[PDB]
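What follows is a pair of forms of the same protein chain, given separately as structure tokens and numbered structure 1 and structure 2.
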Structure 1
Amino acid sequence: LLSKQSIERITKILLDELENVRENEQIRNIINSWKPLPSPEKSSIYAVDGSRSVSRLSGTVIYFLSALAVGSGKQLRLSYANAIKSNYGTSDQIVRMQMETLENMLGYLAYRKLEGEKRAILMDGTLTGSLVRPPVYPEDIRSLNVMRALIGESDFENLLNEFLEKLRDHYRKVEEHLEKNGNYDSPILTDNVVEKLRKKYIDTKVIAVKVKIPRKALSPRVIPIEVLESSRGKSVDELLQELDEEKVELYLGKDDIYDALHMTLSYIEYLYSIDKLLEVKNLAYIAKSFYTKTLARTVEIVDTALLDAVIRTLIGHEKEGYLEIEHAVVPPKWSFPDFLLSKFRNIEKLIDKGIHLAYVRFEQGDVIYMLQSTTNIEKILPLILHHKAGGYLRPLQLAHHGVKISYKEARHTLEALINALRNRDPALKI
């Protein structure tokens, strides 16, 4: 249906972005700082990615996660099937985290078995993307603070410490199955272990509820002027301190306390894979596109597509190469809580030092990709290159072809035994 009307309004929407993204500063001048893509040294490599499938049966979400790493060594796969209680946003976000947790575990364990003088892991995605806004954002920090407040700081520290220990065990256990079988169907520790931890750190201290946390634990953005007129005689600093020091009481069901715990565990388990993956000396992320909205908000960066445009339009190139981005970027302390950080020292190192960012075009008329790494693109680029075959690299292509979801594994299937076991009825609520 033609609709000559909306097209232009669309066109303009886009063109107003390109035509006007020239900044009036003309790119900042960074363009001519463009380079050719370097030589192709040699490296042993792994490309990992993920695919998920979610099905909603009424208030319960059934999902199947799959991580796979292709490259030099044998194929490795982590898989998790599971079901969760439905919250519109919070549900999706739990699943994303586990999705990333699986890949992080996996990039790492795949690095360990990676043999050669030069080892590198290739992640499909961005480092910054998950670091600026943690999936389940409001909810991970809230749960942690609820917990910290519930059982106290000191107990909490043990809870933490114990759980990390369980994580150490867990990784070693996963690794072994991977060498034996090349696959493991229980990559997620938290679901197995929440039950015991609840009875231990909570079930004792509780009665058949009310907790006090700081205001900041889930943000108004405005304040009624009464609070000001009411603070006359004080200093803005005292005010802002009272506002920060402000505390709140909450009332917590068994379900809410349970939820506070499982989130905490999940979030620790997640941050734990980040930390480990960060070991990889040569670490690479690749993405066609990312969100620039908060990126320039907490150095200035544009979008891959907008760059490519300005490339052919203004400078008439359309050719291979790359453009390094002059500034490393340092992650938000807001995202990663105070206490936890002393645990993950690679997170720590990242906050201290930064992530390296470069735009990259792999082939002649080929598109541009966004590359991030723990260390200088200068070093890491060539190794990634050593695997180039077609429009892009062999290992990467093979992770995107490989975990390319089949007709869902669980579609009529992991459902249809759920048909036979007991109740076809929830199955009916597709």
Structure 2
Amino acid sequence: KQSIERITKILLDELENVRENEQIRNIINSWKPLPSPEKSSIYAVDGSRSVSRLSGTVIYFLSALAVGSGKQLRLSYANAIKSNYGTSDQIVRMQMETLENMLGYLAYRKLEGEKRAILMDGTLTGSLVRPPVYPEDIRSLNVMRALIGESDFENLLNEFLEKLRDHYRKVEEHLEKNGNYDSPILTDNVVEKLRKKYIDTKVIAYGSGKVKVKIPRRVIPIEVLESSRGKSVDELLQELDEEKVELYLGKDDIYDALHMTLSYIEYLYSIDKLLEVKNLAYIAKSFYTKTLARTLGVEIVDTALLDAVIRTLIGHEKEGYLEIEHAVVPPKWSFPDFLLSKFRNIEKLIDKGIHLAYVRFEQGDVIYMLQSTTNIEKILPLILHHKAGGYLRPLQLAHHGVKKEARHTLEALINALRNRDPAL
């Protein structure tokens, strides 16, 4: 209980590195009231995920729901994947995020009205600030690029790119029937046959659990250097151009770098689709303090902190919203140059900018981080039409309906084939 202060101290000295005025003082009475409601046809989509680790294996269940002005639409999925630290969580998150993105997009398509909107739980920036990626997953592309070369890679891309189009099709016309789908995720279904086509043909066995790979004749793995020593770069080059240079790689790193690559491309595809929605809004109870304020997009105040300040000084505690004057933009690092040419809306988003507002729906209510792809001005009123609490109703229905024993059945399975060993 000694800490009980340190925290408080900590929590205060935090607040008051805000109380301290950087263009905030003024910006507060730059707080607008709420526009007037406008009639809209809306859908809100959240998702839940349940993970279970069994030995060095991870077993997850994703669910994503859209409630609203239409009937209820549902995507499901279940899987097992190699456990990791960075990468295990890393994969599943993307899949979770893609189920929702998919849903919002297909939902928008089933939505009748003059003015239509989709409403997502999260932020838009979260993906393009520090995506569920980390330096690790870009390597996966650059490795892939280098290993199977740019010709076959672009080939790989486009074939998968189109496969996903049909996928979206089957998926859509399934929702239309049963209002739900049990196989919304493509990648881990088509990865094997994609390995066998774009990889297994470029490779040979090597001594133990590895593969010998000729390097296509612009990026090359750092290994090639490391493998070459007594030699001048010249010969490293002449060996390159003469097509003799070759690497000895873990057959499995390669599969996972393929699987990542695909999981990645599919996640990106679904953002590109959902950006197709004209009025798209994100709602968040918390964005965060440090990350974005430092995002180099200059500085943001974290509604939890900022709300705290208002009632303190201006004494307001009034509903309304405060727009952040300068529209945001995803960095260059956060997203490849060569992949973008295949996503025109992500392209467009980068170029156009995101608009965002601290929005307080209710009297003494929480400030929400409201991000949108259209001026807060256009979308905010459409958003207000469905307001119920100090919050919006269909999200309240999307979130409370998005959320077990489903597991120990998946303990009760392998018998009929092999062994009960691991899950105990």
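Shifts are known only where both forms have a C-alpha. We call the rigid core the largest set of C-alpha positions that still match within 1.5 Å between the two forms. Residue indices: 1-based, along structure 1.
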### Query
Which of 39, 376, 26, 364 has its C-alpha displaced by 2 Å or more between structures 1 and 2 after core superposition?
26
### Message
Once the core is aligned, does residue 314 move its Cα by at least 2 Å between structures 1 and 2?
### Response
no
### Query
After a core superposition, would you say residue 413 shifts its C-alpha by at least 2 Å between structures 1 and 2?
yes
#### Entry: Displaced residue check between structures 1 and 2: residue 186, CA, 2 Å or over, core reference
no
### Query
Following alignment on the rigid core, what Cα displacement (Å) is computed for residue 251 between structures 1 and 2?
4.2
#### Entry: Value in Å for the CA shift of residue 160 between structures 1 and 2, taken after the core is superposed
0.2
### Query
Once the two forms are fitted on their rigid core, how many angstrom does the CA of residue 228 move between structures 1 and 2?
20.2
### Message
Please list the stretches that shift between structures 1 and 2, defined as three or more consecutive residues with CA displacements of 2 Å or more after core superposition.
### Response
22 to 26, 209 to 215, 221 to 251, 291 to 294, 296 to 298, 409 to 424
